[PDB]
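Descriptive structure summary
Letter by letter, the chains look like this.
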Amino acid sequence: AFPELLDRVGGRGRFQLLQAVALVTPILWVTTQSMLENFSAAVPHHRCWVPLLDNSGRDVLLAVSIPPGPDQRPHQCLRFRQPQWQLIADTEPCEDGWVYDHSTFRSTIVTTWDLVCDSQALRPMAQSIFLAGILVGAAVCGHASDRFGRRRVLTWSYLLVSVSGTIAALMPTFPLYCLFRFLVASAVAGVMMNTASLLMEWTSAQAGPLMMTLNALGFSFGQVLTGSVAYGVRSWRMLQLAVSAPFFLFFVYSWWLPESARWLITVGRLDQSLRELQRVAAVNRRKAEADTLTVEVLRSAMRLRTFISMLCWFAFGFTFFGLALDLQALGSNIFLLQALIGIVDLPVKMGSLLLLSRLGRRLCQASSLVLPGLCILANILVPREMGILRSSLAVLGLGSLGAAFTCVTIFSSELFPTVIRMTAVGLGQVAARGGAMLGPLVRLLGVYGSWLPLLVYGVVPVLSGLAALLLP
Ligand SMILES: O=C1C(CCS(=O)c2ccccc2)C(=O)N(c2ccccc2)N1c1ccccc1
């Protein structure tokens, strides 16, 4: 009988907007902390240190010192034992360290800890660890908001994000950095889930719309915030601190947001629920029907389609999170990318939804997965000669794939006895977080041809979309 009480106290109004703003604003920095492993763990051009150069015709010295590499470049992992002056066989690996190109980035973790050459596999493992941390933190938090509340967990998760992010920027050794990024990921997942649930609960029956949409926009924009912040600060120690600093103020000001009143009723804290509802009514200025609340009212108040949905969620998560953390391979001028994936995301998603809803729900679901997979696959076919076409296809593909989590959540998830969709969205999204940890691990196939990762990332979504047509 809670919706009757909610209609009695308010609905829409003023408080539901202020709370919405204050709970959606964290989402931008939550995205910023998640896409940060693209300007922090960036790989600049590296050479082998040689005594003849870099102190104790520069082009001639570079030619004699290092053997040439295959890709029209000097070798990045080998060095001549002695200066081969015969150039107007016997090679040894780098042992005095490397030298890097300090022209776009001042200091990355790759530069700091030498995650190049033989120890190349370490880099595509930090992102996998981070995503596994998100999955684990989201799994634990579910049975954590039923014994501690729903607003306290949000504030404590804010504090954990801030402290762990600040501490992770001062570590001198790689495993400590990985562990603290794991903790950051878990706390971020907790923040995500608790914010979503809090936005759902306090809103009236029209929460399915706006509210849930207002979340996504958060990400989209956030993307651009990540891009701008990255363009701002170049060093990697001063990027993590600058990103994790706001969360302390977020935790400080999150001490006044009212806690969800529906949860308080089921546990037995009637007085707190009364105070909460009265203060919400006072904020909403609907202090006319509140006198009816005299405790007693609240005292009396107290299979194939599923598999298709799981496959679609898995394909979307796997492709997006195994391809959008390596944007240095999709083009150039990285700061312009990762800042064009929201400005393309919004118009494309709205236009595609509006245009394809009328044709049919299954048609829209199918067309949202074949198109971006084919777009990504077509990136290989084009050569390097046209860079604009080389980069626009990837942006269009990512923007179109971003519409999947919107189309398959609000328009889909009704493919069931139609009792409540909250038991289906989470079930589908579990495979989305469980398919991203199996993501960047594909990029470990750089050896044995470089086209295989892109080929897999292009064939998986198209196969999932083609299988989606087999509903009957
Ligand atoms: O927007 C989200 C959240 C939603 C959880 S949520 O709102 C909730 C609702 C109801 C009950 C409990 C919790 C999320 O976890 N991912 C995600 C994380 C890791 C891997 C894959 C997906 N994305 C997402 C979607 C598209 C593009 C990027 C990110």
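The structure under discussion appears in the preceding block.
A short tour of the structure in this document, coming up. (Residues numbered from 1 in each chain as written, not as in the entry; some residues may be left out. Heavy atoms only, no water.)

In this section: the state of the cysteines. The tally for this structure, following the rule as stated, stands at two disulfides. With its sulfur 2.0 Å from that of its partner, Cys48 forms a disulfide with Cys94. Summarising the burial analysis for this pair, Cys48 and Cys94 share the class buried. Shown here is the disulfide that connects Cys77 with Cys117, its sulfur atoms set 2.0 Å apart. (Disulfide = S-S within 2.5 Å. Buried < 20%, exposed > 50% of the residue type's maximum accessible area, 1.4 Å probe, protein only.)

Looking now at the site of the ligand. Close to the ligand lie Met192, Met193, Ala196, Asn215, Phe219, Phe316, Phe321, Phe405, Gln429, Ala432 and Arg433. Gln429 places a polar side-chain atom, nitrogen or oxygen, 3.3 Å from an oxygen atom of the ligand. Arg433 is positioned with one of its side-chain polar atoms (N or O) 2.5 Å from an oxygen atom of the ligand. In isolation the ligand offers 650 Å² of accessible surface; the protein chains occlude 82% of this area. (Near = heavy atom within 4 Å. Polar contact = N/O pair within 3.5 Å; in protein donor to acceptor, adjacent residues only side chain to side chain. Areas by Shrake-Rupley, 256 points an atom, 1.4 Å probe, with all protein chains shown as cover.)

For helix α2 (residues 15-34), which comprises 20 residues, the first-to-last C-alpha distance of 30 Å matches the rise-based estimate of 28 Å (1.5 Å per residue) to within 8%. Within α2, 15 of the 20 residues are buried, leaving the element largely enclosed by the surrounding structure. (Helix = DSSP H or I, 4+ residues; strand = E, 2+ residues; numbered from the N terminus. Expected span 1.5 Å × (residues − 1).)

All right, on to the packing of helix α14 (residues 304-323) against helix α19 (residues 422-433) then. Between α14 and α19, the least distance of the axes is 7 Å, while the angle of their chain directions is 35°. The handedness of the crossing between α14 and α19 is right-handed. Here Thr306, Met310, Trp313, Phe314 and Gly317 of α14 lie close against α19, whose contacting residues are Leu427, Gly428, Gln429, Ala431 and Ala432. Grouping the constituent residues of the contact of α14 with α19 by class yields six nonpolar, four polar and no charged. (Axes fitted to C-alpha atoms, helices over the stretch in contact; angles between N-to-C directions. Left-handed = near helix turned anticlockwise from the far one by under 90°. Contact = heavy atoms within 4.5 Å. Nonpolar A, V, L, I, M, F, W, Y, C, P; charged D, E, K, R; others polar.)

For the rest of this paragraph, the subject is the pattern of salt bridges. Applying the stated criterion across every chain, the model contains nine salt bridges. Here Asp96 ties to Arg79 by a salt bridge, and the two come within 3.0 Å at their closest N and O atoms. Between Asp146 and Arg150 there is a salt bridge whose closest N-O contact spans 4.0 Å. (Salt bridge = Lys/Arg side-chain N within 4 Å of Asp/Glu carboxyl O.)

This brings us to unusual backbone geometry. One non-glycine residue with positive phi stands out, namely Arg285, at about 65°. Take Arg285: it is sitting in the loop between α12 (270-284) and α13 (296-301). Among the residues examined, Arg285 registers a relative accessible area of 58% and is labelled exposed. Unlike most non-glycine residues, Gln338 shows phi in positive territory, near 65°. The buried category is assigned to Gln338, whose relative accessible area is 2%.

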